[PDB]
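Chemist: From the sequence below, what's the structure:
(2 chains, ligands or ions: 2)
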2 protein chains.
Amino acid sequence: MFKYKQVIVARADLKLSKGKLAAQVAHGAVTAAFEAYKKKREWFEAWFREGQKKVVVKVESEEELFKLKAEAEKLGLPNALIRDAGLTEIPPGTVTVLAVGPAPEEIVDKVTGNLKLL
Amino acid sequence: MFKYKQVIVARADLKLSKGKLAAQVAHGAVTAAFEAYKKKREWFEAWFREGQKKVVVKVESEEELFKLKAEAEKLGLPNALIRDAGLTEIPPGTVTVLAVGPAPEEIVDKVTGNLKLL
Ligand SMILES: [Zn+2]
Ligand SMILES: [Zn+2]
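Modeler: Numbering: from 1, shown residues only, chains lettered A, B, ... in the order given. Ligands and ions are numbered 1, 2, ... in the order given. Please see the structure below:
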């Protein structure tokens, strides 16, 4: 089993194409990965050598993303709430995804454990 | 404007679900972003500063990913060819995507320029 993982929560309600959604998830993964690299170096390295497991789940609102981000901050988890200015097709400042981790899988689940796969 | 970008080339012939595609694209983006961070810090920082633009394009064969990887290596561009072990849904060692960049957009296109958006 993978002891470490990064879960990216994506807003399915925005109905982004498979491609643009993938790009948004990537923004989240990269940003949160570097957050971990800087603030939780050991978690990052362990995750990386293990195969940097990632799981993509979904939610249907920005409200849900903000709530989950607050939970992640409370736990001290590396995370990244994404807003893409290059995404002019949606309102400015619109949040697209929330990446949680890398971190020990159990702690990431403490946040996203009740979310469904996308 | 975006002077830098990262292009993630995904195999459309694998017919990956929306969620697994995003996960694979993320693996590529993260691995390639760290390659840039370590080997082309300046390109990484500019990219990150501009909003780390990412574009997901496609190819219809496994050979195309390797041909593109060779070109990216020849040009000294940060890149990452992904093979997801955890993705036991497909043959072991099957390549899913190739992330190219971050780097100046024109040089990234020198590799992926003729590929269609996914
Ligand atoms: Zn090579
Ligand atoms: Zn160009």
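Chemist: C-alpha only now, for contacts and for neighbours.
Modeler: OK.
Chemist: List the contacts of the helix or strand containing residue A:31.
Modeler: Assessed by DSSP states H and E, residue A:31 sits inside helix A:18-39. Applying CA atoms under 8 Å, 6 or more residues apart in numbering or on different chains, the contact partners of helix A:18-39 are A:6, A:8-10, A:43-45, A:56, A:78-82, A:84, A:96-102, B:18, B:21-23, B:25-27, B:29-30, B:33, B:52, B:54-57, B:117-118.
Chemist: Whichever of these end up buried, select them in PyMOL.
Modeler: Provided next is the PyMOL selection string for whichever of the contacts of helix A:18-39 are buried by 16 or more other CA atoms under 10 Å in any protein chain shown:
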select buried, (chain A and resi 6+8+9+10+43+44+56+78+79+80+81+82+84+96+97+98+99+100+101+102) or (chain B and resi 21+22+23+25+26+27+29+30+33+52+54+55+56+57+118)
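Chemist: Can you list which of the contacts of helix A:18-39 are found in helices?
Modeler: A:43-45, B:18, B:21-23, B:25-27, B:29-30, B:33 (DSSP state H).
Chemist: chain center to the lengthiest strand in chain A: distance?
Modeler: The longest strand of chain A (DSSP state E) is strand A:95-104. Its chain's C-alpha centre and that of strand A:95-104 lie 2 Å apart, by CA atoms, centre = their mean, to the nearest Å.
Chemist: What of stretch A:28-41?
Modeler: 11 Å.
Chemist: What parts of chain A come near chain B?
Modeler: With CA under 8 Å from any CA of the partner chain as the criterion, chain A meets chain B at residues A:18-23, A:25-27, A:29-30, A:33, A:51-57, A:84-86, A:117-118.
Chemist: May I have the helix holding residue A:31 as CSV, with CA atoms only?
Modeler: Provided in CSV are the C-alpha atoms of helix A:18-39 (Å, rounded to 0.1, in the frame of the first residue of the first chain):
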residue,chain,number,x,y,z
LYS,A,18,-11.2,16.6,-19.9
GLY,A,19,-8.1,18.6,-21.0
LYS,A,20,-8.6,21.8,-19.1
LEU,A,21,-9.6,19.9,-15.9
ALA,A,22,-6.4,17.9,-16.2
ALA,A,23,-4.4,21.2,-16.4
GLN,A,24,-6.2,22.6,-13.4
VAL,A,25,-5.5,19.4,-11.4
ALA,A,26,-1.9,19.8,-12.5
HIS,A,27,-1.7,23.4,-11.2
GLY,A,28,-2.9,22.1,-7.8
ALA,A,29,-0.5,19.1,-7.8
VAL,A,30,2.5,21.2,-8.6
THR,A,31,1.8,24.1,-6.2
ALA,A,32,1.0,21.8,-3.3
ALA,A,33,4.0,19.6,-4.1
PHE,A,34,6.3,22.6,-3.8
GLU,A,35,4.6,23.6,-0.6
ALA,A,36,5.4,20.2,0.7
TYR,A,37,9.0,20.4,-0.6
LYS,A,38,9.5,23.6,1.4
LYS,A,39,7.5,23.0,4.6
